[PDB]
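Comments concern the structure below.
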Amino acid sequence: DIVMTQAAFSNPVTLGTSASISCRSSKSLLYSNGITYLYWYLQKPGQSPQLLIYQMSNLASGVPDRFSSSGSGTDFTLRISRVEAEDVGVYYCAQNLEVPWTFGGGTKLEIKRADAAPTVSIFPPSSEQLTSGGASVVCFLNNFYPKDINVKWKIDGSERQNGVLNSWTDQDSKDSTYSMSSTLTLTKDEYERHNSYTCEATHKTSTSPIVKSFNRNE
Ligand SMILES: CO[C@@H]1O[C@H](CO)[C@@H](O[C@@H]2O[C@H](CO)[C@H](O)[C@H](O)[C@H]2O)[C@H](O[C@@H]2O[C@@H](C)[C@@H](O)[C@@H](O)[C@@H]2O)[C@H]1NC(C)=O
C-alpha cells in the first residue's frame with residue numbers, strides 16, 4: 001500500500017498571512033491519464049474530517065479559492081491564503097490511486113495570535129462531591145496564548161505534585177486561545193486534613209505567577 005507522510009505540527013501562522021501544509025507519497029500519485037490522485041481533508045476541533053480538495057485541482061463545495069494544492073507526483077503542498085481563525089484543525093492528505101485509500105498522519109494548523117495571559121479560577125469541591133466522598137480541586141486557566149503554561153499546587157504552603165493532572169482544550173475557533181484545567185484529585189478524607197489550597201499559574205505573558213487561593217473552612 002502507498003504511504004502518505006506529513007508532519008504533525010506547523011509553524012504558527014499569523015492571521016492574514018499564508019500557511020503551507022506539506023505531504024509526500026511513497027509512490028507517484030500521477031496516473032497515466034494525467035490526473036494526480038491526491039486529496040486534502042480538514043478535521044476541525046470536535047468534528048469529522050471533511051473534503052477540501054479532490055484530485056489536486058478541484059475545490060470541494062463551499063471552499064474558497066484561498067485553498068490550493070500543487071506539487072509533483074510525489075511532493076505536495078496545500079497552500080492556505082489569508083488564513084482565518086476558523087481554519088484551525090488537522091489537515092490530512094490522502095490518495096486513492098491504489099486500493100486501499102490511505103491517509104497521511106495529519107498536520108495541525110495553529111494560529112499565531114498576540115500573547116494573552118490566562119484568567120484563573122479556583123474551585124473548591126462542592127458539597128455534592130464531598131457527599132460522594134470525593135474532593136477534586138480544579139484550577140481553571142482560561143483564554144491564553146501561547147499554549148505552554150505551568151501550574152503549581154500548594155497545600156498549606158507545601159508544593160503538591162502527586163494527584164495533579166492537566167488537560168487542555170483545542171485552539172479556539174474564534175479567539176484562537178487555549179484553555180486548560182489543572183485538577184488535584186483527593187479523597188474527602190485527604191482534603192479535610194489541610195486548610196489552604198493554592199494554585200499558581202506561570203505563563204510567558206508575565207514573570208509573576210497568577211495566584212488563586214482558598215481556605216477549606218470558609
Ligand atoms: C484502484 O483504483 C482506484 O480505486 C479507488 C477505490 O475503489 C477508486 O475510488 C473510488 O471510486 C469510486 C467510483 O469508481 C467512487 O468514487 C468511490 O467513492 C471512490 O472511493 C478510484 O477511482 C478514482 O477516484 C474516484 C474519487 C473517482 O473520481 C473515480 O472516477 C476515479 O477513477 C480508483 N482510481 C483509479 C486511478 O483508478
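The chains in the C-alpha cells are called A, B, ... from first to last as shown; in each chain the residues are counted from 1, and the ligands are counted from 1 in the order shown.
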How close does each residue of chain A get to ligand 1, giving the shortest atom pair and distance in Å to one decimal for every residue with an atom at most 8 Å away, counting only C-alpha atoms and all ligand atoms, sorted by chain and residue number, as a tab-separated table?
```
residue	atom	partner	partner_atom_place_in_ligand_line	distance
A:31	CA	ligand 1	36 (C)	6.3
A:37	CA	ligand 1	36 (C)	6.7
A:54	CA	ligand 1	26 (C)	7.6
A:55	CA	ligand 1	28 (O)	7.7
A:96	CA	ligand 1	5 (C)	5.1
A:97	CA	ligand 1	36 (C)	4.2
A:98	CA	ligand 1	1 (C)	4.1
A:99	CA	ligand 1	1 (C)	4.9
A:100	CA	ligand 1	6 (C)	6.4
A:101	CA	ligand 1	6 (C)	6.4
```
Residue 111 (chain A) environment, 8 Å, only C-alpha atoms, sequence neighbours closer than 2 positions dropped, as a PyMOL selection string: chain A and resi 12-15+85+88+109+113+176
Those residues you just picked out, can you put them in a file as an mmCIF file, in the first residue's frame with C-alpha atoms?
```cif
data_model
loop_
_atom_site.group_PDB
_atom_site.id
_atom_site.type_symbol
_atom_site.label_atom_id
_atom_site.label_comp_id
_atom_site.auth_asym_id
_atom_site.auth_seq_id
_atom_site.Cartn_x
_atom_site.Cartn_y
_atom_site.Cartn_z
ATOM 1 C CA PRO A 12 2.097 29.033 13.986
ATOM 2 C CA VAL A 13 0.693 31.279 11.256
ATOM 3 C CA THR A 14 -0.386 34.900 11.616
ATOM 4 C CA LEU A 15 -3.956 35.818 10.708
ATOM 5 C CA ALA A 85 -9.214 31.881 12.807
ATOM 6 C CA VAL A 88 -7.674 25.798 12.716
ATOM 7 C CA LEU A 109 -2.612 24.265 11.788
ATOM 8 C CA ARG A 113 -2.101 35.437 17.745
ATOM 9 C CA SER A 176 -7.500 31.471 18.795
#
```
Practice task
Might you pull out every residue within 6 Å of residue 41 (chain A), with only C-alpha atoms counted and same-chain residues fewer than 6 positions away left off, and present them as a list in words?
Solution key: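 Close residues of residue 41 (chain A): residues 49, 50, 51, 52, 91 and 92 of chain A.
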Find the residues near residue 199 (chain A): any atom within 7 Å, counting only C-alpha atoms, skip ones fewer than 4 places away on the same chain, and give them as a list in words.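 The contact residues come out as residues 139, 151, 152, 153, 154, 211, 212 and 213 of chain A.
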| field | DSSP-assigned strand (DSSP E or B) members of region 97-195 of chain A, reported as an MDAnalysis selection string | value | chainID A and resid 102:103 107:109 111:112 116 119:123 134 137:145 150:155 158:160 164:168 178:184 187
Handout entry: Selection near residue 72 (chain A), 10 Å with only C-alpha atoms, sequence-local residues under 6 positions removed, as JSON, numbers by chain
Key = {"A": [24, 28, 29, 30, 36]}
Could you write out the selected residues, including C-alpha atoms, as a tab-separated table (two decimals), in the first residue's frame?
```
chain	number	residue	atom	x	y	z
A	24	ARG	CA	4.77	13.29	0.37
A	28	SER	CA	3.92	8.85	-7.55
A	29	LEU	CA	0.22	9.71	-7.42
A	30	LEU	CA	0.20	10.77	-11.07
A	36	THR	CA	-2.97	13.16	-9.72
```
ask   = With distances taken over only C-alpha atoms, which of A:186, A:90, A:53, A:7 is nearest to residue 170 (chain A)?
value =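 Nearest candidate to residue 170 (chain A) out of A:186, A:90, A:53, A:7: A:90.
Counting from CA of residue 155 (chain A), the distance to CA of residue 197 (chain A) is 4.9 Å.
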Q: Would you mind reading off the distance between CA of residue 48 (chain A) and CA of residue 68 (chain A), one decimal, in Å?
A: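 Calculated distance between CA of residue 48 (chain A) and CA of residue 68 (chain A) is 21.1 Å.
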> Could you state the separation of CA of residue 10 (chain A) and CA of residue 60 (chain A) in Å, given to one decimal place?
Replying inline: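 Interatomic distance here is 23.1 Å.
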